[PDB]
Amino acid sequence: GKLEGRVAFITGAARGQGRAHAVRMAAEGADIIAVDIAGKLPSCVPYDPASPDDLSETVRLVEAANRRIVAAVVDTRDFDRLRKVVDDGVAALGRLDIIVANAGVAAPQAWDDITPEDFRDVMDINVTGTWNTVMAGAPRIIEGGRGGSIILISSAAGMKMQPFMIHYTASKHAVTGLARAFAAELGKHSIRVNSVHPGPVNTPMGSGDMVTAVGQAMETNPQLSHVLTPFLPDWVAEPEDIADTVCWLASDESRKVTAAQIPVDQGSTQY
């Protein structure tokens, strides 16, 4: 496997893309430190939350590949507990090489329906949770002295833009900034830091009231409806496609790639 003997720390691992990364990296020989909030999301979020049962299933899948996994229910906004969990994982698994900062939320809203609390919540999770993840993981990669690879999941919205969520777009741009900023200062440790920018991905972020919320928002400005048009026939990527790119970024075959924005969007950022 491409990641034999390695240990990856992955947030938002209970389902969707985060589960896809855990499962892919375990298959490549990595042991896993997996976290998810596994509970209530901000009230502007229209789809269903993840559950402790979801995270148990990620655990089951990773063990079925014969790898060790340390999993915990924790909010990426809770820096002290996140730091504690990472330290407990590393003590247990012996090292840390890879961070995937994947936990995030989306909430379609017309600009003038976004309350201060709404803005705060999305920014807190998508940016501060992302910064907390690097801050919990990086000193443990540095201590090993082997170099490493940190992948921050941004969005197509964080390279170009996405309409009907001012907070989300801001937050995903902030993630681009976090990648370039952490890349510059962590590069002397041979730690690569890169951001990944998916278009629409087939995950439970499409569940609950998402379709309705998107539908309602679009009505407020129909001129903005083609911002996510791809060049390929596909509008939607599978979580495995994102895991493909993130696996490559984790692997030694991207050892010279850092500070980069990697789109996996069937071309829509150039549309």
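All residue numbers are counted from 1 along the displayed sequence.
*Asks:* Mind pulling up the entry and telling me whether 239 to 247 or 211 to 219 has the higher mean Cα temperature factor?
*Replies:* The stretch with the larger mean CA B-factor is 211 to 219.
*Asks:* Which wins on mean Cα temperature factor, 202 to 210 or 32 to 40?
*Replies:* Comparing 202 to 210 with 32 to 40, the higher average CA B-factor belongs to 202 to 210.
*Asks:* Name the one of 158, 129, 89, 163 with the greatest CA B-factor according to the PDB entry.
*Replies:* That would be 89, according to the entry.
*Asks:* Ordered by C-alpha B-factor within the chain, which third holds residue 197? Give me lowest, middle or highest, please.
*Replies:* As the PDB entry reports it, the C-alpha B-factor of residue 197 lands in the lowest third of its chain.
*Asks:* Going by the entry, which third of its chain does the Cα temperature factor of residue 168 land in?
*Replies:* Lowest third of the chain for residue 168's C-alpha B-factor.
*Asks:* By the recorded C-alpha temperature factor, relative to the other modelled residues in its chain, which third is residue 84 in?
*Replies:* Its C-alpha B-factor, which the entry lists for residue 84, ranks in the highest third among residues of this chain.
*Asks:* For the chain shown, is the CA B-factor of residue 93 in the lowest, middle or highest third of its modelled residues?
*Replies:* Its C-alpha B-factor, which the entry lists for residue 93, ranks in the highest third among residues of this chain.
*Asks:* Based on the deposited C-alpha B factors for this chain, I'd like to know if residue 121 is in the lowest, middle or highest third.
*Replies:* Middle third, going by the recorded CA B-factors of the chain.
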